[PDB]
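J.: Sequence first, structure after; it's an experimental one.
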Amino acid sequence: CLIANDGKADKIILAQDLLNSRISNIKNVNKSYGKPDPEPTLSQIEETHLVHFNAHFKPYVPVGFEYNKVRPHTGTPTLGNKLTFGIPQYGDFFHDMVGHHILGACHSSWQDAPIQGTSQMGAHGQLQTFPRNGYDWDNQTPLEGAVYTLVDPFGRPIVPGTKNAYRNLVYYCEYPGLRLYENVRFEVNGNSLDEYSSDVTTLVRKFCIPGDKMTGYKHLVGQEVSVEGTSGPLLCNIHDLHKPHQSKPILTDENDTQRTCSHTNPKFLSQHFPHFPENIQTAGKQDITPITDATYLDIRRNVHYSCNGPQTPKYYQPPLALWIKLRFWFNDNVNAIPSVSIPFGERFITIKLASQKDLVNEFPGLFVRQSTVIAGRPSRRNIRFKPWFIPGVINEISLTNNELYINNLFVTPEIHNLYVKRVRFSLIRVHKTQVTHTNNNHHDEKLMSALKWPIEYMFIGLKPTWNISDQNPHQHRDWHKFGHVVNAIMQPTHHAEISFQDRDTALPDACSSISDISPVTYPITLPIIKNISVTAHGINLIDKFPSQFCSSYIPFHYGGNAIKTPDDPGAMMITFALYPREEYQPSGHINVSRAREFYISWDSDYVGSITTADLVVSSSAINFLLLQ
Amino acid sequence: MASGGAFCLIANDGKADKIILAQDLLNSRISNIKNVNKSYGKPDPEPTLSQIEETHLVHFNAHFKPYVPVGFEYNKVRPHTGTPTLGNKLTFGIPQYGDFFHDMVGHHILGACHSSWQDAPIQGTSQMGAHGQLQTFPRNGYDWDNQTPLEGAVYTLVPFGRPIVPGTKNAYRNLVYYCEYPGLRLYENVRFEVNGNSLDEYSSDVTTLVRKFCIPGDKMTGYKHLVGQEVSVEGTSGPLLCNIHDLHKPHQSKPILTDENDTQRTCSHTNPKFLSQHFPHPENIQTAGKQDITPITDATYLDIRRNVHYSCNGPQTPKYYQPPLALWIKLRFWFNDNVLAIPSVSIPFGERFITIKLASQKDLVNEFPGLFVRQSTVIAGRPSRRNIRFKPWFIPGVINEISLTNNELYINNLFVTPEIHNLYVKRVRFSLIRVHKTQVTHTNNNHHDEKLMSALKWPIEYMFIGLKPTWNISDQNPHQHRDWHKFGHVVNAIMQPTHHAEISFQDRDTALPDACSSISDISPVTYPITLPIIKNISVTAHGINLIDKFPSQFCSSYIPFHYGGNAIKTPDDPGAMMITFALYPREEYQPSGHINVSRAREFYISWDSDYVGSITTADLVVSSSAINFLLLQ
Amino acid sequence: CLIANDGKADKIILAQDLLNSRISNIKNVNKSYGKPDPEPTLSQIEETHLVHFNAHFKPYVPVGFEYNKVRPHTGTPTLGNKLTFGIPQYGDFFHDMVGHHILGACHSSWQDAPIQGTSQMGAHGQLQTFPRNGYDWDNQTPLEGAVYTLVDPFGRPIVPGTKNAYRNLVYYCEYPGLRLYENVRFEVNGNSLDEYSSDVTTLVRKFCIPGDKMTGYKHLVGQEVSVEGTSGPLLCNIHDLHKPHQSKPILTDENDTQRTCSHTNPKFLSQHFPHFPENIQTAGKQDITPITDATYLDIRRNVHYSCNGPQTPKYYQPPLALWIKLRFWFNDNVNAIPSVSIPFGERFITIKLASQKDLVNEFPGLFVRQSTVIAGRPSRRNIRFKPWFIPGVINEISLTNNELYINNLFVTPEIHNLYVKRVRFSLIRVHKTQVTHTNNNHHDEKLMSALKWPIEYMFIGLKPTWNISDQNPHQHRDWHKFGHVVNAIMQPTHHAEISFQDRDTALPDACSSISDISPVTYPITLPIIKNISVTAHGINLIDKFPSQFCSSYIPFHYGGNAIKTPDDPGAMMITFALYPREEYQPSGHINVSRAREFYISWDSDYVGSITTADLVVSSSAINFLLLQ
């Protein structure tokens, strides 16, 4: 084949001359001096080259393992720190450790009804009321004419007038997995080593986990999943564009399916199967170039995505299985924690869980009626619902099962004596965090501390405290976001304009009808920070860059594949290295022990006094320790 | 003019940077090397990057390697004139054209399908029978289901639009559609063998339990188009206006609601931000060449939105005719892997065969409802006047058994120069390869049962579990050729997006119009839901419990997540499982741990459940990945 | 654990005997040498093994950097080549370089109204007007009866009859990021080195970037992102299939919600929570052992996707930020472009920006009302809209601000002095390209030129010039496609079927209503080429293969995990190296300088003289370059 194509161009890259010279010389040497067995193996010839159809052997070192199990340590449920696990020396080494919890089923206490035509308000910072049987708009402003008739949430179970019962739907919070573990701390002999919070694990969910292993993390921490959908076949006309003044006499309305000069219609003959939208008998072959006919009424199918899980409001939430993973330096690449130079005892884990108040919301189950106003003859019907969410009390369900599977690594009894008496160092990566508060809506500043080890990574964000304020209706739905989230409700209306009058062919201002079901929300997130600057002792280490440079490009290019991009453009990222966790060998670091001073400045358009903002910052401080 | 520049953060070290930098060692070495190469008469007193790379890893310097010349050319091997679709329709030979082998691809063309002309149910009462169940539209408006006193209804039969049919006197055709993912269903058995020595072999279960655990989240559409599966295209919508609704603060503004007018005076959220980022100036009135700063508390007013609609097309939609598909198939071996494989320098002429046992027709193609038995157009008095509810009505019977047309076996090679082709023609060498195992088994004992594993003799370093209920494979089920590759009890969740047309021509009596209404429908809509079956896994060998009992979601979603090495996706359907006795699960070529089943001839798999029984059993499939090597000659 | 299961088959792969022999020999050596460490360390054992619970170190050389900034070179606005940047001598090396451009907001030219039911035609390749106030269909045919009014797109703000004003919506082009830079060029001291065009940037977006960073790319190059949506809860009637005739209810309208067969109820009643579809009391347990039925009214929540961004049609587009990356051999893996031995200055870029007439379209701003006919009582009303407009969006928005963020690589002044007097060659990659025109609808061929350097890469795509044709109404929205696209319109109507007659229970042919809002499109692509053939001087390199081979298998299997697959089946790809741009080492190449002749043939079904086609070809050549 084309393998004899070389010369002055690819000579240096190929080295065919030196290769053949080496082969001939080694063949002569082996035939004359050595054993009478020419044509050596792929070891001597592969000394000044690189062959492809070959491999490199390496006697594998022995190792085994078995997934262990550890129970809690007599921990009260969710109220306090519901766990303090141990490290029982079952195996020999340590590795990843996963938590396990089963949240109890939640219910809803029986609620009352709006006894009279006007009941007192109060369920949030605001509330609603349905006044005087539709005669008024909202407690005043007498409208033209309207009426009220109470409905119920899950469909149309019409509730009797102002005296009945109605429960309240209960739904969990989005991403409830990494909300329970509000704080973690792993200490040996009392010396705390690493830790994080509910913010660091939120600043890693967007970055570390690649898009390949997505459904795993989406089903492991009790997050709702988007199940596929389908439908039946629905006919749709197909319309192409040919040319101007070529086949455009006029657009057809009810007849004359002709006057269409094609665009090489054999191209649209075997691709869309245009001869089979009709019930009449069709041959088992093609139908070529009919009179002004290229493609007619292809078959199209629609898709209706849906979901089902904890985020769907139901009268009874079944007990989910919210797995939680511990991300440390031991729960990383095994290329860790020998667990043999540590004596028996003084090895604990502290997990300060959260409360039940910020995990179980409610949903309105009343749906105060809509003012079916008849504005004279035109616009006869009209329905616009408004929730009537007088509160309930949820329940006191708590977790019952708690486990921590801690796999180990076994070692043969021969290797088990050389590393137990000696001491060995190793470079590990840990977490640091120092969150603060901010103000000064103008071009403010701040300062960073609690960072003393050499740093080769970073993270910046800006979480408004308004998102964590318990009085917000979307506190337990959009808390992990990183921006001022606004809702844009819509209305998938169902227009029905029918006129029974056989005469009066003018506009139908006599008989019309509108309707609706429920509002539809969309989480719209916006960025907050507009500029970023990192200075240290006068010299500006990183010039003023916009948001979309530290939020989109730096995560895009750096890290290769092991770093995705945040779906929200608010999360920042700063890197002082070339291999941000994609590799193990260090790729530089801006030291902090020698540079005490440090700064982070930024402009804003949302900080101030009414809507404050508490930024968060993490890091991966390279630091090496000694075992014994 | 040889001073320092901006003096960036590079002269910053200390107590924790010495070990990582070793600037003292670097300076000592570079100075000694400079003195050495200047003491021996060199015109370049500075050493290149060769002398400093002894114990340092520099980034701005590559490393060359003379690339040994190789090439390839996609050959083409027609079949062995085997039988059509019914029997094993292929046993491909091997031409000694090149010198090596690599990944191989199948190819197949499926003929066109049609429908057999039927007759309309001329009489208002017909005999049933098209599946395990059937129905009839009775008496043209007298009965609900073949007998019931019903007040009012009309049953006029009427697929692809509104094809109205004269009263019970016409014909019709049956819509035809293929099965989802036919590429993993056609090839039912593959067995590579030389000189009659069968080496590799698997079944139609490895082709399913690798599709979810080999391809990453990037080649999704690539595979979907390779195996001729339906694809999802994007769409747009007409520009429509949508309202906006922001929450400002508590008690900062107490405007409850106004029906028609007076929408203003609401607590603000630092307006300048919400104005610029939204540009609230949807209006026809004059819009100047700049942005307007908050006319009246205009934080967010009338944001613009556009919807998105998905759509589909291909072999997975019911049509009266199907163009010839092209179902490319791969051959998952150890040769269709990293480029070594199949030296083919000591293999004689011939004596290299493949075998591909195809499937039949009755397990791929089905029919589809075309009649759409008339809806119960009931008139329930004044309230809920109109009401529509369609229903299918089959009339099966068709063959159209067009089989696999021209089908090749595109296969590459690795040509070598005639010089190298003599140094490895006489030598013999081994290489650790991977060969798949499979031992299916039927099961019973609904309670916490167990089993015994067999058909496993090689040292094993990988594992698969699964549980596919036989109801999915039972051809008498009306949902077999749509959700057959699932690994859990599938259930359909029909719904109906009705039309609420509540018109009231009554000019007075503004109260509840309980006299006129309208309900409608179009067609059914399904939702395949997957629910796992296995609740625990406990693999044991020689009595000692090697792996304790673990929930399904630990062996389904987590164990491919923490492991895998960015090369193992996670299954959508949680029914699949996975166990690993190594550290590099197929991501690396070097083995990373394996337990031996040759010396330990005992092996057990125990699992509790609540779905097995007698009315619907379940057959579990188990794959593997052996680690065994071969020799040349 | 079970790790002592040795034998005779795993000898070659474990070498436990040789491991024990080596460790015993080194132990006896250490004991006879008189050392206080009788056990050997991890140093002498790794000669013929590979430990897994251990890592390797590498003393790293220090290196810093800082993202600099360069301004334009007083070039023209978007009309001409709006930039020719330079290089500042602030750093010591080169690396990835991102541009930055913003586009000022636009406006709309106020137009008049169609004063009468007949006016002048001509507003695009095709045009039309609203006819005869409803008497006719195109002012040339009697019709039953209708009436024509006007409406604005954003809703239905009924326009006064044939007397008002209106604007025209302004919407940007799809993927404006890879459309500005029509031609790039990099040259040092006049000598040109590499270049590309918009075709190469559109043939590298579908292949190079993995599927993970798609979210980042969509925000980088300014494309609307499909933000997730939610909806309200609604019940669905679940209905499973048990067995053939095991229990045979035919059908029922409203009753008989039982009597189906069993499917091991404890399993099918514990995963759907049958205790929360009803208002009646729900105990603190399940509802096990009910009358035989699989499930009872599961809860479902739909998901509505929604899009927003510069691609949506509005009246005023805020200033976007079209970030653009530059793909070279310098903006790639730095494991480049020293520019230390290069003199100061004398190195520029060139960016021939595109035009403004092909980046902004218009949208119809006055929809002619539909044929509101009255065809008797049944199917009386009917609405189907049609567009109507008048261009004039020639407004002069242009790119005001421009920068070029170039990072560097600072070196310690100790390494900076060893290679400042030396020259080094290194294998690099460029982007050759040669576009051409074609004809001969039948099984034609062509010739390839401007390719002489050794090639280890390829791309082929047949793009019909009907798309980029100026008069195409969909040109600046669907231009990045590689196939003849056809629009498949639909109509999600809303029906109304009411019988006003309280008696006469016959079919509701007394009142029937139709409606519509706006058409909906779904761009579908189709491949043109059916076979490929690459020959050179008689021999055949690649046999005739279907389009689905060089487009969906070769990129699939090759490239590893760094090459996505094209969603559009039009683009193809040929490889001549075993590693298609996955690694850095060369892995195959056919020199095309020794063999000057070259041919690329292909069948077709769309070429001709009505809609011609032009094939695009890129590559990645290899040719090392020297500094001094």
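T.: Yep, it's here. Numbers count the residues shown, from 1 in each chain, chains lettered A, B, ... in the order given.
J.: Of all residues in the stretch 51-200 of chain A, which one is closest to chain B?
T.: residue A:125 (2.9 Å; CB to the nearest CB). Just so you know, the C-beta spots here come from the backbone N, C-alpha and C atoms, and that holds for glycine as well.
J.: Now that residue: which helix or strand?
T.: Using DSSP states H and E, residue A:125 sits within no helix or strand.
J.: any idea how far residue A:470 is from it?
T.: 10 Å (CB to CB, to the nearest Å).
J.: Kindly report the same for residue A:398.
T.: In terms of CB to CB, residue A:398 sits 20 Å off from residue A:470.
J.: Looking at the two, which one has more neighbours?
T.: residue A:398 (15 against 8; other CB atoms under 10 Å in any protein chain shown).
J.: who's in contact with that one?
T.: By CB atoms under 8 Å, 6 or more residues apart in numbering or on different chains, the residues touching residue A:398 are A:77-78, A:103-104, A:356.
J.: Can you tell me, leaving aside adjacent residues, what's nearest to the residue of chain A found nearest chain C?
T.: Residue nearest to chain C within chain A (CB to the nearest CB): residue A:565, separated by 3.0 Å. Nearest residue to residue A:565, sequence neighbours excluded (CB to CB, 6 or more residues apart in numbering or on different chains): residue C:216, at 3.0 Å.
J.: Any chance of the backbone angles for the one you found?
T.: phi -70, psi -40 (degrees, to the nearest 10).
J.: Measure how buried it is and give me the count.
T.: Neighbours of residue C:216 (other CB under 10 Å): 24.
J.: Would you quantify the distance from the spatially most central residue of chain A to chain B?
T.: Central residue of chain A (CA atoms, centre = their mean): residue A:206, 6.4 Å from the mean position. The spacing between residue A:206 and chain B, counted by CB to the nearest CB, to the nearest Å, is 16 Å.
J.: gap between that residue and residue A:432?
T.: Distance from residue A:206 to residue A:432, by CB to CB: 19 Å.
J.: list the contacts for the closest residue to chain B within the stretch 451-600 of chain A?
T.: Relative to chain B, the nearest point of the stretch 451-600 of chain A is residue A:496 (3.5 Å; CB to the nearest CB). Neighbouring residues of residue A:496 by CB under 8 Å, 6+ apart: A:512-515, B:499-503, B:518, C:494-496, C:513, C:515.
J.: circling back: hmm, the residue nearest to residue A:565 is touching residue A:555, no?
T.: Yes - contact criterion CB atoms under 8 Å: residue C:216 and residue A:555 qualify, at 6.3 Å.
J.: Next, show the common contact partners of those two.
T.: A:564-565.
J.: Which of the helices or strands spans residue A:25?
T.: Residue A:25 belongs to helix A:16-32, assigned by DSSP H and E.
J.: near chain B, anything from that helix?
T.: Yes - Helix A:16-32 reaches chain B (CB under 8 Å from any CB of the partner chain) through A:16, A:18-20, A:23.
J.: Also stretch A:102-113?
T.: No - judged by CB under 8 Å from any CB, stretch A:102-113 stays clear of chain B, getting no closer than 9.9 Å.
J.: what's next to that stretch, contact-wise?
T.: Contacts of stretch A:102-113 (CB under 8 Å, 6+ apart): A:159, A:162-170, A:172, A:176, A:315-322, A:359-360, A:362, A:365, A:390, A:392-395, A:397-401, C:282, C:284.
J.: which bits of the stretch 51-200 of chain A sit near chain C?
T.: A:52, A:58-66, A:93, A:105, A:107, A:152-155, A:157, A:165-167, A:169.
J.: ugh, wrong one, the stretch 351-500 of chain A
T.: Residues of the stretch 351-500 of chain A lying near chain C (CB under 8 Å from any CB): A:363, A:409-410, A:412, A:414, A:417-419, A:421-422, A:424, A:426-427, A:494-500.
J.: Keep only those of the residues you listed that are in helices.
T.: Among these, no member is found in helices (DSSP state H).
J.: Which PyMOL command selects the buried ones in these?
T.: In PyMOL, a selection of the buried entries from these looks like this (16 or more other CB atoms under 10 Å in any protein chain shown):
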select buried, chain A and resi 363+409+410+418+419+427+494+495+496+497+498+499+500
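J.: and chain A, what are its domains?
T.: Each domain of chain A is listed here as a residue range: A:1-57, A:229-242+A:261-278+A:286-304, A:423-496+A:513-628, per automatic domain parsing.
J.: Which strand or helix spans the residue lying closest to residue A:297 once chain neighbours are set aside?
T.: Ranked by CB to CB, 6+ apart and with sequence neighbours excluded, the top spatial neighbour of residue A:297 is residue A:277, at 4.2 Å. If you go by DSSP H and E, residue A:277 is not part of any helix or strand.
J.: thinking residue A:277 is in contact with residue A:235, fair?
T.: Yes - counting by CB under 8 Å, residue A:235 is a contact partner of residue A:277 at 6.9 Å.
J.: shared neighbours, these two?
T.: Joint contacts of residue A:277 and residue A:235 (CB under 8 Å, 6+ apart) are A:297, A:299, B:160.
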